[PDB]
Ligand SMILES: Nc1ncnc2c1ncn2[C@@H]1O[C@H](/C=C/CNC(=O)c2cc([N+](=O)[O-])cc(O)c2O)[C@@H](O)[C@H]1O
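Given next, in structure tokens, is a single chain: the form deposited without the named molecule.
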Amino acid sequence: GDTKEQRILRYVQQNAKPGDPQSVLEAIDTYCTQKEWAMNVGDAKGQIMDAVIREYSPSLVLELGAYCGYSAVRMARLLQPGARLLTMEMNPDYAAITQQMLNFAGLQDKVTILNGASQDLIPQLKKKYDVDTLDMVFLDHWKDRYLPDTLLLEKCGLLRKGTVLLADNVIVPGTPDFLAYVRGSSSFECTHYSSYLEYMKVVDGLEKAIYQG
């Protein structure tokens, strides 16, 4: 335990109930808040993520970007039996911590972690990972990857009419390249979400882009 992601997991093991996803989600939040890393992700990012999942009930979700596994736990706990979450992460440390988090949550059954580059794995999804089309895409942590990844998922025919793309940390004026694309193009129907919590400043911003075929 030297890295931040290692400390998050250390804090989870020492405080969260093993096999209880909510206890885990709460432990990550409590720790990230006291150490002033992420203010209140559980109600900022979390509630938006939950609402999107309950609204669309996706059978196949692809997460592009992972750090400590919060998003993976938050998403997996709401999936239906038969539903699966494919998480792609380039960093082997972030990919490892995420696996351990899911393992601790008792959700590894519902998640498949793919350690490698999005640019290389996305074109392999159809044959190598038995994927026809994605019902949902979750874009996380790496803002400069949102646009090329979206463009790639389109090139690869992984999106269909109704595919939901949910991008995190899409806060004004950051990540404008991706925004100009989805908002601009008649191929996406967009909804922005700005979580303020009890404060007057955007704690978290999220873009929901529904593909129209």
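The term rigid core refers to the most C-alpha atoms you can superpose between the two forms while keeping them within 1.5 Å. Start at 1 with the first residue shown and count on from there. Residues that one form lacks are left out of the comparison.
For the segment pair 180 to 188 and 27 to 35, the entry gives 27 to 35 the higher mean B-factor, averaged over Cα atoms. 58 to 66 and 37 to 45 differ in mean CA B-factor, and the higher of the two is recorded for 37 to 45. Annotation for 71, 133, 98, 108: 133 ranks highest, by Cα B-factor.
Taking the PDB entry at face value, the top CA B factor among 139, 102, 125, 85 belongs to 125. When the CA B factors of the chain's modelled residues are split into thirds, the value for residue 197 lands in the middle one.
Among the modelled residues of its chain, residue 144 has a C-alpha B-factor that falls in the highest third according to the deposited record. Annotation for residue 53: C-alpha temperature factor in the middle third relative to the rest of the modelled chain, per the entry. The PDB entry assigns residue 90 a C-alpha temperature factor belonging to the highest third of its chain's modelled residues. Annotation for residue 165: CA B-factor lies in the lowest third of the chain's modelled residues.
What comes next is about the form deposited with the named molecule bound, which does not appear here.
If you superimpose the site C-alphas and bring the named molecule over from its pose in the entry with it bound, 3 or more of its atoms are within 2.4 angstroms of a backbone or C-beta atom of this form, and that means blocked. Remark: of stretches 114 to 122, 127 to 135, 100 to 108, 78 to 86, the one touching the named molecule in the entry with it bound is 114 to 122 (heavy atom within 4.5 Å). Judged against the named molecule in the entry with it bound with a 4.5 angstroms heavy atom cut-off, the residues 11, 43 and 55 are out of contact without exception. For the chain shown alone, residue 31 is not a contact residue for the named molecule in the entry with it bound, no non-hydrogen atom being within 4.5 angstroms. The named molecule is not shown here, and in the entry with it bound it never comes within 4.5 Å of any heavy atom of residue 187. Proximity of residue 47 to the named molecule in the entry with it bound: non-hydrogen atoms within 4.5 Å are absent; the residue sits far from the partner. The closest heavy atom approach of residue 156 to the named molecule in the entry with it bound falls outside 4.5 Å. Residues are counted as partner-facing when one of their heavy atoms sits within 4.5 Å of the named molecule in the entry with it bound; in 31 to 57 these are 37, 39, 45, in sequence order. Candidate set 41, 164, 158, 61; criterion, C-alpha shift of 2 Å or more between this form and the one not shown after rigid-core fit; matching residue, 41. Core-superposed comparison between this form and the one not shown: the CA of residue 203 exceeds or equals a 2 Å shift. Annotation for the pair residue 94/residue 203: C-alpha atoms recede from each other in the entry with it bound, by 3 Å or more compared with this form.
The pair residue 17 and residue 203 is looser in the entry with it bound: their Cα-Cα distance rises by no less than 3 Å compared with this form. Shifted regions between this form and the one not shown (core-superposed; runs of 3+ residues, all CA displacements of 2 Å or more, residues common to both forms): 38 to 43, 172 to 174, 196 to 204.
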